[PDB]
Protein chains: 4
Amino acid sequence: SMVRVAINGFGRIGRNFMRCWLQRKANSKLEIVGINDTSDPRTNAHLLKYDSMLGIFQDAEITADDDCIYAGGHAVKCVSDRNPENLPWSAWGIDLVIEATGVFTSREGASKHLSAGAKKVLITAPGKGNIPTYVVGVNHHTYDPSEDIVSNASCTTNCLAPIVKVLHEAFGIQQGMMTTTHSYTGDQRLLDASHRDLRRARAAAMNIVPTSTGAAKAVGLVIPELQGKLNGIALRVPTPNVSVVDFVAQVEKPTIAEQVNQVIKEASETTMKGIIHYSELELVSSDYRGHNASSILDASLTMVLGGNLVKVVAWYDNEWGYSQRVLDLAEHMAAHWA
Amino acid sequence: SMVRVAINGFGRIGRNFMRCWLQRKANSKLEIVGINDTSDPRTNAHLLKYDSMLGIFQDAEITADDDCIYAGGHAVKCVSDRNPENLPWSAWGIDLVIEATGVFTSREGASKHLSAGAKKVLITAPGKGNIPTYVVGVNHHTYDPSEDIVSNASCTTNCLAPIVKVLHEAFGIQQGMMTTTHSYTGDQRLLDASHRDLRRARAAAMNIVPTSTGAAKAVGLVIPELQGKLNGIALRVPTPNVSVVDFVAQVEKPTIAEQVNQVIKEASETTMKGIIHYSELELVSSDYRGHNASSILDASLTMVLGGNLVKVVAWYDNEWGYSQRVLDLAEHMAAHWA
Amino acid sequence: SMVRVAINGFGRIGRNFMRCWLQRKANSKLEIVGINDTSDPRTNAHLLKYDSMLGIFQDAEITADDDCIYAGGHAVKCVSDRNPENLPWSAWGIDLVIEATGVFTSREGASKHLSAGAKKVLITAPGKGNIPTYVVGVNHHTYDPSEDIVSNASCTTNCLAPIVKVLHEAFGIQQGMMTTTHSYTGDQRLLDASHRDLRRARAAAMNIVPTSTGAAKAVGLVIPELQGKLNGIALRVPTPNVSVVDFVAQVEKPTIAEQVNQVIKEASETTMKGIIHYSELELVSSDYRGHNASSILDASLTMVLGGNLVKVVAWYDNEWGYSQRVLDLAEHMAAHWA
Amino acid sequence: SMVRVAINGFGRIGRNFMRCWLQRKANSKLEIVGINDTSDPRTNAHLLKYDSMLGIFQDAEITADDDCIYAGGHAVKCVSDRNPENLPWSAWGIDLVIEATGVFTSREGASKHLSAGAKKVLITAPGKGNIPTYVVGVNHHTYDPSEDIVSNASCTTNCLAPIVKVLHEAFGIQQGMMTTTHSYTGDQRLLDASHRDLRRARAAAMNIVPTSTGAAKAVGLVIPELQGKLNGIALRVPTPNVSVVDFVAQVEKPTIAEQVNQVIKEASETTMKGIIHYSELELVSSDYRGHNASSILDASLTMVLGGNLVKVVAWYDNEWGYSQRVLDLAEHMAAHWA
Ligand SMILES: NC(=O)c1ccc[n+]([C@@H]2O[C@H](COP(=O)([O-])OP(=O)(O)OC[C@H]3O[C@@H](n4cnc5c(N)ncnc54)[C@H](OP(=O)(O)O)[C@@H]3O)[C@@H](O)[C@H]2O)c1
Ligand SMILES: NC(=O)c1ccc[n+]([C@@H]2O[C@H](COP(=O)([O-])OP(=O)(O)OC[C@H]3O[C@@H](n4cnc5c(N)ncnc54)[C@H](OP(=O)(O)O)[C@@H]3O)[C@@H](O)[C@H]2O)c1
Ligand SMILES: NC(=O)c1ccc[n+]([C@@H]2O[C@H](COP(=O)([O-])OP(=O)(O)OC[C@H]3O[C@@H](n4cnc5c(N)ncnc54)[C@H](OP(=O)(O)O)[C@@H]3O)[C@@H](O)[C@H]2O)c1
Ligand SMILES: NC(=O)c1ccc[n+]([C@@H]2O[C@H](COP(=O)([O-])OP(=O)(O)OC[C@H]3O[C@@H](n4cnc5c(N)ncnc54)[C@H](OP(=O)(O)O)[C@@H]3O)[C@@H](O)[C@H]2O)c1
Ligand SMILES: [Mg+2]
Ligand SMILES: [Mg+2]
């Protein structure tokens, strides 16, 4: 009756997701039963417990042997094969793979998990191609249980799309520009080193690094009305977690900063409760470590010019908040498992 | 015949300005003859030579005694009094004070230098009140030699205003929003500590810190047409120097990214040569250390949506590039010294 | 019954101390009744709650008005006067001042609190001059209840002295060298700026910075046998909290690494329980945030050469661990009050 | 006449080495003719020119096409094969490979270059197994021209061994402990991620990270008298380049700090000229970027206790200084070629 889950890629998102589930395990339809990763259970149990961002895991004991990670008695079988086609998904009765490696985001790549026997794959990133893309709180109720491969979009998409949805329905978004000032991630280089992206090649804790954001295209996938009407970039900066998106929209209905804030506040108390948090506090990025919302609107920073040019600024914990939404999407898939 | 200059406040800008002048001394109408600062000549000579950002000064020898800093034979008299009214400006025949403390930006405050005998004051920051404000390359030819107190605006203003001027004349700027992702400065706190600004209170090398930017108001002072039509914020991040401004404008004439770039490129080769640099390279903040331009347009990041919503992104060395412009303004004042 | 406490200087240590007390308040003989600081209660309440290192305080509500900071319904009266002679210690019935400003470490300075009406002062730093100095777990039982001004030494002294005491009693320390690789503190400069210490003047988050360590002299104060037999330095590095001391000792009784570790482990389970923690885990500085021990021996790093040359390495949370010891010392004084 | 060189692994050391050679190319017996690397010439030309640590290369033009990197009109042929056995060393007439990948440090690994047609290999790291190891200024004159694979040891070995040699000859080193407080390197992880070394797994720019130092064993290889008499560790800290070693020695001849400094100063002016620099200046790590010495003794930090316990502290630019020594060793081999 439980949906048996395997994590492919036990990295920042894979381990954040694991810790999210461990804390919510009592009210879950999911059971994490397997991990595939490039490393071994003892190393991965150590990293699961000792986290530079989340701190030491305290809720339960974490141990390992040659074959398993044990999280408070719960045994998670471990394997290590970079080729998903070889994975023991039928042998372990895996229902859902959390695809968190970053390297199987195409349908062809993610489908290797289906070939190995898994029933469904949830990619923790934008998909490449015609992969259904979901943002919880924006369009996840359109998920169809017949879909075998889905995308939870990116961290920035999950922060920006709920805000855009609210603003679009209140004021009509005609065009919108985004810039996320974003913590560095493991895709960037610690010191200057080769990378397909010549700026992500550059020492990440030393530099402001312009690059792409998945939200530039992904928001238009979860709000189809606005497809082609948004664009923007990322500026990676020397913080290890927590990000903030700056969104400037050309809107149809004239407004003022106060009304924009009130509209988002009301949504955060109703249709978007638990997805958008509304804050009037004068905080900084460290203060949002561990926040469960997809988006925290920083209301003091809202601006409007000429009625139609709206600026909003929203925080997000790109590791933990996004992993909470991966878990929410997986729970939703399990609730609607045909 | 030389304009005798005193530096008040031998900080990041005061010392960057000093090093700018030392490198351009052969073609200068200015002679730096005095320093007032909270510290002593030996400490300040050490900091002038050994700079964590600029490296070790190599062009000439820097030494000191109880009374003077010596920069390649050139003797700079030193004093240490926090109250400008007490300074020896008449006794030293000071013509121009470079006001770089951050604490005398009002007319009443800066005028204390005039009381002490200086003839003119150049504030290295936005002024408080009705202080004439200049950006070299935008409106500095409107300087009037009768003005005894002037402002060189802020680093962000000097980066953004030249770009805005070019865009406004080509496309007509109706409204514009700005966010500078900006290196931390000494006004921020190394660890959490009291500050009039509750976010600048927070550990600067640990945090993304939203705060004010002088450019939100100062661009409208140097381009009067756009007064009240621009607004925006700063996000201070954990880099020690070099900043980048993101500008999203609602424009009257529809355009596309290519045309925006070509317009700025042409200006950078003509009316704005030496003020705006045009770059098609995929660089990061470290690469712009020491750049002399007020603005470096990052052309690969230009975006337009719906013809009328324009996004441009420009780099600036907020210490060195700004200090080059302080020097340019002072040279201009000296050239027009009545 | 309660010893009434005022905090002078509501900085990193003042606020860490406050949070230590708030969490240990049920068994305490201390009542924090007053704060003097350069800032106002609203700013200081904000900083008490929102801490970049400790996270958001959530055990109890924290608020403020013009006169008080409120912590879980406990009203803490606030004043703001840089001269301790002016403080309302008589009117507020202050028994004990926690002197955490960094600028009243001499008897003449700290005694201004006594003139103002306090009965005793606990300096959160090495004293200047003849100030009785204590390290809990090393010599705090020698506390003389007639003393009116005492010192809790420094963070590094509290880490190193317990280990030195154990090693000296087991093996006989003849000489010892120390280097603490130490997080930066607020005494250092965010960007290059004047400082009495020409290296602490230098941008703290981008440099390794050699400087003094208070433990070089203070360990010999709390272990008088070893006066003049130890020396060392600090290397300040770009982490905001948690430090590690490297101690190389020349010992009389020849030993080997296994025996050194066994001796310290046994002490940590008995006479040094709660002061020294013994760890064989392969951890890094982030993992010791919030650790309550004065010293965490990193047993895997113990080395011995030739029988008599002993190297031990010990972690410490220089903000929180030290503040726990400040609280322990204040509680000891309150339990031995005269 | 020229010894034809190929760089294998165009990383931090590969590119620092290239830039060292480009600046010393007029007096060289080496010609860099080829590069093998995991990336392509256009990416690698970009990284060679735009360096976050060294700045923009401006001595000569740097460009690239599908097959070559061009440096000042010098065409450097490029290939990309992770297996050295496949490399075109015979066809390109490669005499000497600079082995800078980090993964061919054993004789079996490095010998794949010889199979491919190179005549000798210089490993830019300690060797694994019986690889002749050299430190310029310590034992490079012992070079045996018949050796086909050699090691230049590590950055810390090159800093520490010259100082150890001078101290041993003057005072007799009986035992010695070392700790290098060391910039992070590309072997560490930007965010917590799997690693054979559970501490190097941890986010490098936000942690103090204890780990191994190659100098613990390698100093005894280049000073055979001291084999087994030294030991130590590294503490990796959040700076991107420049490191400092702390060495505490037990010496036979009793001395004092003044005599230790005099002995090292004299060596730095004579037998160790260009290898050890002697400094009495109060500098920090940023100031030693680009320093050409293997070791900079920070004389102000020298301490002695009891005559026989000696502490010295020495800086080194672990990228650039080490690469200068790689170039020095390669030039020595080219001058003693057989
Ligand atoms: N970090 C964020 O803020 C964030 C937010 C939203 C989404 N995401 C997405 O989540 C994915 C993972 O990102 P991350 O930050 O967690 O990166 P990460 O820390 O590198 O995690 C990826 C993990 O997958 C492992 N791995 C790589 N290739 C594999 C393969 N073929 N088979 C099995 N395991 C493999 C990696 O091992 P190695 O370390 O040995 O390579 C690592 O353990 C990416 O798609 C990323 O874009 C990231
Ligand atoms: N840094 C930038 O990127 C930048 C760019 C453009 C403009 N500015 C503006 O330039 C000004 C200085 O900024 P900064 O970054 O150079 O700061 P800074 O490094 O703190 O420099 C200010 C200097 O003035 C000294 N000082 C303070 N009060 C004084 C007084 N009453 N009399 C004499 N000297 C006094 C300070 O001494 P202490 O260190 O002892 O306080 C310090 O040496 C501010 O207005 C700032 O907003 C800064
Ligand atoms: N941080 C550590 O790891 C550590 C560990 C052990 C001991 N200590 C010692 O503890 C003391 C404080 O260190 P810290 O790191 O907490 O420094 P800090 O963050 O600068 O805190 C000092 C506090 O005192 C305030 N202050 C300064 N002068 C004052 C005056 N005359 N009257 C009232 N308030 C005044 C400061 O205000 P402003 O911010 O306006 O100056 C600040 O709030 C020093 O003796 C330090 O060496 C520090
Ligand atoms: N950095 C220092 O301070 C320092 C000092 C002295 C000695 N060393 C030693 O020098 C070596 C390199 O260190 P580093 O810091 O320069 O490391 P790095 O930046 O990672 O450089 C290594 C280079 O080799 C490439 N590479 C790896 N495997 C390869 C293969 N099979 N064929 C071709 N190219 C390959 C890497 O590509 P990828 O980026 O794609 O992996 C990278 O370009 C190591 O032995 C290191 O211990 C380092
Ligand atoms: Mg199958
Ligand atoms: Mg006068």
# chains A, B, ... in the order shown; residues from 1 in each chain; ligands from 1
$ closest_atom_pairs --of "region 188-298 of chain B" --to "region 139-155 of chain B" --cutoff "9 Å" --atoms "only C-alpha atoms" --output "JSON lines"
{"residue": "B:213", "atom": "CA", "partner": "B:154", "partner_atom": "CA", "distance": 8.3}
{"residue": "B:214", "atom": "CA", "partner": "B:154", "partner_atom": "CA", "distance": 6.0}
{"residue": "B:215", "atom": "CA", "partner": "B:154", "partner_atom": "CA", "distance": 6.7}
{"residue": "B:218", "atom": "CA", "partner": "B:153", "partner_atom": "CA", "distance": 6.5}
{"residue": "B:219", "atom": "CA", "partner": "B:153", "partner_atom": "CA", "distance": 8.5}
{"residue": "B:222", "atom": "CA", "partner": "B:139", "partner_atom": "CA", "distance": 5.9}
{"residue": "B:223", "atom": "CA", "partner": "B:139", "partner_atom": "CA", "distance": 7.5}
{"residue": "B:243", "atom": "CA", "partner": "B:155", "partner_atom": "CA", "distance": 9.0}
{"residue": "B:294", "atom": "CA", "partner": "B:155", "partner_atom": "CA", "distance": 8.1}
$ interface_residues --of "chain A" --to "chain D" --cutoff "8 Å" --atoms "only C-alpha atoms" --output "ChimeraX atom specification"
/A:11-12,39,43-44,46-47,51-52,185-186,188-195,198,202-203,205-206,240
$ write_last_selection --atoms "C-alpha atoms" --output "PDB file, in the first residue's frame"
ATOM      1  CA  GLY A  11      23.538  14.710  -3.376  1.00  0.00           C
ATOM      2  CA  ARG A  12      22.354  17.980  -1.910  1.00  0.00           C
ATOM      3  CA  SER A  39      29.504   6.564  -3.412  1.00  0.00           C
ATOM      4  CA  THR A  43      30.235   7.631   3.170  1.00  0.00           C
ATOM      5  CA  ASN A  44      26.647   8.518   2.351  1.00  0.00           C
ATOM      6  CA  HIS A  46      28.118  10.107   7.182  1.00  0.00           C
ATOM      7  CA  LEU A  47      27.051  12.888   4.821  1.00  0.00           C
ATOM      8  CA  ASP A  51      25.460  18.404   6.955  1.00  0.00           C
ATOM      9  CA  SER A  52      27.229  21.763   6.720  1.00  0.00           C
ATOM     10  CA  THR A 185      25.469  25.034  -6.250  1.00  0.00           C
ATOM     11  CA  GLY A 186      27.596  21.962  -6.858  1.00  0.00           C
ATOM     12  CA  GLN A 188      29.756  25.379 -10.207  1.00  0.00           C
ATOM     13  CA  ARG A 189      33.490  25.038  -9.719  1.00  0.00           C
ATOM     14  CA  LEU A 190      35.280  25.632  -6.423  1.00  0.00           C
ATOM     15  CA  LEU A 191      38.295  27.023  -8.298  1.00  0.00           C
ATOM     16  CA  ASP A 192      38.509  27.981 -11.980  1.00  0.00           C
ATOM     17  CA  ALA A 193      38.018  24.745 -13.928  1.00  0.00           C
ATOM     18  CA  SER A 194      36.539  23.562 -17.185  1.00  0.00           C
ATOM     19  CA  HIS A 195      32.749  23.670 -17.509  1.00  0.00           C
ATOM     20  CA  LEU A 198      32.323  29.438 -19.168  1.00  0.00           C
ATOM     21  CA  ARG A 202      34.836  30.261 -12.365  1.00  0.00           C
ATOM     22  CA  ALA A 203      35.708  30.022  -8.663  1.00  0.00           C
ATOM     23  CA  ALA A 205      32.951  31.451  -3.659  1.00  0.00           C
ATOM     24  CA  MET A 206      35.060  34.302  -5.150  1.00  0.00           C
ATOM     25  CA  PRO A 240      26.159  28.242   0.054  1.00  0.00           C
TER      26      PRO A 240
END
$ select_by_dssp --residues "region 93-242 of chain B" --states "alpha helix (DSSP H)" --output "PyMOL selection string"
chain B and resi 107-115+155-171+215-222
$ write_last_selection --atoms "N, CA, C and O atoms" --output "CSV table (one decimal), in the first residue's frame"
chain,number,residue,atom,x,y,z
B,107,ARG,N,25.0,69.6,3.4
B,107,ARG,CA,25.7,70.9,3.2
B,107,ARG,C,26.3,71.4,4.4
B,107,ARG,O,27.4,71.9,4.5
B,108,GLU,N,25.5,71.3,5.6
B,108,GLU,CA,26.0,71.7,6.8
B,108,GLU,C,27.3,71.0,7.2
B,108,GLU,O,28.3,71.7,7.7
B,109,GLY,N,27.3,69.7,7.0
B,109,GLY,CA,28.5,69.0,7.4
B,109,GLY,C,29.7,69.3,6.5
B,109,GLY,O,30.8,69.6,7.0
B,110,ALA,N,29.5,69.2,5.2
B,110,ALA,CA,30.6,69.5,4.2
B,110,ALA,C,31.1,70.9,4.4
B,110,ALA,O,32.3,71.2,4.2
B,111,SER,N,30.2,71.9,4.7
B,111,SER,CA,30.6,73.3,4.8
B,111,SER,C,31.6,73.5,5.9
B,111,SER,O,32.3,74.5,6.0
B,112,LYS,N,31.7,72.6,6.9
B,112,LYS,CA,32.7,72.7,7.9
B,112,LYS,C,34.1,72.8,7.3
B,112,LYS,O,35.0,73.5,7.9
B,113,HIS,N,34.3,72.1,6.2
B,113,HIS,CA,35.6,72.3,5.5
B,113,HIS,C,35.8,73.7,4.9
B,113,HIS,O,36.9,74.2,4.9
B,114,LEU,N,34.7,74.3,4.4
B,114,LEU,CA,34.8,75.7,4.0
B,114,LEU,C,35.1,76.6,5.2
B,114,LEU,O,35.9,77.5,5.0
B,115,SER,N,34.5,76.4,6.3
B,115,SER,CA,34.8,77.2,7.5
B,115,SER,C,36.3,77.1,7.9
B,115,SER,O,36.9,78.1,8.2
B,155,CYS,N,28.6,54.9,-6.5
B,155,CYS,CA,29.2,54.0,-7.5
B,155,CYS,C,28.1,53.4,-8.4
B,155,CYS,O,28.2,53.4,-9.6
B,156,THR,N,26.9,53.0,-7.8
B,156,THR,CA,25.9,52.5,-8.7
B,156,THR,C,25.3,53.6,-9.6
B,156,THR,O,25.0,53.3,-10.7
B,157,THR,N,25.2,54.8,-9.1
B,157,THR,CA,24.7,55.9,-9.9
B,157,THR,C,25.7,56.1,-11.1
B,157,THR,O,25.2,56.4,-12.3
B,158,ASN,N,27.0,56.0,-10.9
B,158,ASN,CA,27.9,56.2,-11.9
B,158,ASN,C,27.9,55.1,-13.0
B,158,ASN,O,28.2,55.4,-14.2
B,159,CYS,N,27.5,53.9,-12.6
B,159,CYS,CA,27.4,52.8,-13.5
B,159,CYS,C,26.1,52.9,-14.3
B,159,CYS,O,26.0,52.8,-15.5
B,160,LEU,N,25.0,53.2,-13.6
B,160,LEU,CA,23.7,53.1,-14.2
B,160,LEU,C,23.3,54.4,-15.0
B,160,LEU,O,22.8,54.3,-16.1
B,161,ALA,N,23.7,55.6,-14.5
B,161,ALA,CA,23.3,56.8,-15.2
B,161,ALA,C,23.8,56.9,-16.7
B,161,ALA,O,23.0,57.3,-17.5
B,162,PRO,N,25.0,56.5,-17.0
B,162,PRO,CA,25.4,56.6,-18.4
B,162,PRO,C,24.6,55.7,-19.3
B,162,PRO,O,24.2,56.0,-20.4
B,163,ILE,N,24.3,54.5,-18.8
B,163,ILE,CA,23.5,53.5,-19.5
B,163,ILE,C,22.1,54.1,-19.7
B,163,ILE,O,21.5,54.0,-20.8
B,164,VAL,N,21.5,54.6,-18.7
B,164,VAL,CA,20.2,55.2,-18.7
B,164,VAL,C,20.1,56.4,-19.7
B,164,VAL,O,19.2,56.5,-20.6
B,165,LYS,N,21.1,57.2,-19.7
B,165,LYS,CA,21.1,58.4,-20.6
B,165,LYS,C,21.1,57.9,-22.1
B,165,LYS,O,20.3,58.4,-22.9
B,166,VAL,N,21.9,56.9,-22.4
B,166,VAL,CA,22.0,56.4,-23.8
B,166,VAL,C,20.6,55.7,-24.1
B,166,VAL,O,20.1,56.0,-25.2
B,167,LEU,N,20.1,54.9,-23.2
B,167,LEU,CA,18.8,54.2,-23.5
B,167,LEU,C,17.7,55.3,-23.6
B,167,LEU,O,16.8,55.1,-24.5
B,168,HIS,N,17.7,56.3,-22.8
B,168,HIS,CA,16.6,57.2,-22.8
B,168,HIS,C,16.6,58.0,-24.1
B,168,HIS,O,15.5,58.3,-24.7
B,169,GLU,N,17.8,58.4,-24.6
B,169,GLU,CA,17.8,59.2,-25.8
B,169,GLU,C,17.5,58.3,-27.0
B,169,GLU,O,17.0,58.8,-28.1
B,170,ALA,N,17.7,57.0,-27.0
B,170,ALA,CA,17.5,56.1,-28.1
B,170,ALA,C,16.0,55.6,-28.1
B,170,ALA,O,15.4,55.6,-29.2
B,171,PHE,N,15.5,55.3,-27.0
B,171,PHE,CA,14.2,54.6,-26.9
B,171,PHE,C,13.1,55.4,-26.1
B,171,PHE,O,11.9,55.0,-26.1
B,215,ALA,N,21.6,55.1,-6.2
B,215,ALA,CA,21.2,55.3,-7.6
B,215,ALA,C,19.7,55.4,-7.7
B,215,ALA,O,19.2,56.0,-8.7
B,216,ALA,N,18.9,54.9,-6.8
B,216,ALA,CA,17.4,55.0,-6.9
B,216,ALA,C,17.0,56.4,-7.1
B,216,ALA,O,16.1,56.7,-7.9
B,217,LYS,N,17.6,57.3,-6.3
B,217,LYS,CA,17.3,58.8,-6.4
B,217,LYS,C,18.3,59.6,-7.2
B,217,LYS,O,17.9,60.6,-7.9
B,218,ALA,N,19.6,59.1,-7.3
B,218,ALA,CA,20.6,60.0,-7.8
B,218,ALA,C,20.6,60.0,-9.3
B,218,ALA,O,21.0,61.0,-9.9
B,219,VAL,N,20.2,59.0,-10.0
B,219,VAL,CA,20.1,59.0,-11.5
B,219,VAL,C,19.2,60.1,-11.9
B,219,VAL,O,19.5,60.8,-12.9
B,220,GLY,N,18.1,60.3,-11.2
B,220,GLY,CA,17.1,61.3,-11.6
B,220,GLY,C,17.7,62.7,-11.3
B,220,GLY,O,17.1,63.7,-11.8
B,221,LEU,N,18.7,62.9,-10.5
B,221,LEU,CA,19.3,64.2,-10.3
B,221,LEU,C,20.3,64.5,-11.4
B,221,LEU,O,20.4,65.7,-11.8
B,222,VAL,N,20.9,63.6,-12.0
B,222,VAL,CA,21.8,63.9,-13.1
B,222,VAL,C,21.2,63.7,-14.5
B,222,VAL,O,21.7,64.3,-15.5
$ atom_distance --atom1 "CA of residue 21 (chain A)" --atom2 "CA of residue 327 (chain A)"
7.0 Å
$ residues_around --residues "region 254-262 of chain D" --least-positions-apart "3" --cutoff "10 Å" --atoms "only C-alpha atoms" --output "count of residues only"
30
$ residues_near_ligand --ligand "ligand 5" --cutoff "12 Å" --atoms "only C-alpha atoms and all ligand atoms" --output "VMD selection string"
chain A and resid 84 to 94 111 to 119
$ select_by_dssp --residues "region 34-272 of chain A" --states "strand (DSSP E)" --output "count of residues only"
62
